[PDB]
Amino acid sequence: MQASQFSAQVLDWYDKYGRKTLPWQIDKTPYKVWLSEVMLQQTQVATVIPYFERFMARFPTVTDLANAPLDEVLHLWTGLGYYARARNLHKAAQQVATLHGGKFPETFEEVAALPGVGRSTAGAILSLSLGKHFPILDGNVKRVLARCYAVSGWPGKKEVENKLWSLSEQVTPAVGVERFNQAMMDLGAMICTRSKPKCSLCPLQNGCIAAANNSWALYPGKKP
């Protein structure tokens, strides 16, 4: 599929069917988007929403989170699992208070330098909260791109990962970047699922190589 057609079809789908009313999407800030991305990394949306609301009520700014005792952060995290995320969350809040005056940094290198934040989460924070022109590559996005463009091979091998990052950059537009990056996460979470994808509901079905060959099970590749 030509990249400009990919972007236009995904944006038209989002306008009619996309999720726009999650709490981190209303009066968006870098702090709210960062907190939601860390909670969503390993936990479903329905479980995350009450924890997001409790964290924002207790810690209205990143300085309030930084100044709290770690034991209180761990207590409020209880039930989310994968507590390395919470230890890194508290360290990153302290780095923003100490190096950046309590104001979330707005440059890619300073965001990616935070503990718990890699290349995809840094691009998510700056694209979704401020409209900066960065692509994302989480598990949802890897599945949609690898099926549509027939990218075989395990993404745990550097050459496969690099091919996927180049494809993601190519299809991600500048105009509408915040809508496009949320739409790709919606598609991989609800339509282009691990098993038995819902291709009849998918805005890419007219150009997707996996759909044309009924070969979704080949993409992305699994670890050998």
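Residue numbers here begin at 1 and follow the sequence given.
A.B. asks: Would you mind comparing 32-40 and 194-202 for me and telling me which has the higher average C-alpha temperature factor in the entry?
C.D. replies: That would be 194-202.
A.B. asks: Which has the higher mean CA temperature factor in the PDB entry, 203-211 or 17-25?
C.D. replies: Going by the record's values, the stretch with the higher mean is 17-25.
A.B. asks: Just the C-alpha B-factor column, please: which of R87, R147, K103, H133 has the biggest number?
C.D. replies: Max CA B-factor in the entry, restricted to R87, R147, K103, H133: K103.
A.B. asks: Out of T78, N140, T121, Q94, which residue has the highest Cα temperature factor in the PDB record?
C.D. replies: Result of the comparison over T78, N140, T121, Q94: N140.
A.B. asks: Thinking about Cα B factors across the chain, which third does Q170 belong to?
C.D. replies: For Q170, the deposited C-alpha B-factor lands in the middle third.
A.B. asks: Looking at the entry's B-factor column for C-alpha atoms only, identify whether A189 ranks in the lowest, middle or highest third of its chain.
C.D. replies: CA B-factor rank for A189: highest third.
A.B. asks: Taking the values exactly as deposited, rank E178 by C-alpha B-factor within its chain and report the matching third: lowest, middle or highest.
C.D. replies: Middle third.
A.B. asks: Taking the chain's C-alpha temperature factors as the reference, tell me which third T61 falls into: lowest, middle or highest.
C.D. replies: Ranked within chain, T61 CA B lands in the lowest tercile.
A.B. asks: If you rank every modelled residue in this chain by C-alpha B factor, which third holds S127: lowest, middle or highest?
C.D. replies: Bottom third by C-alpha B-factor.
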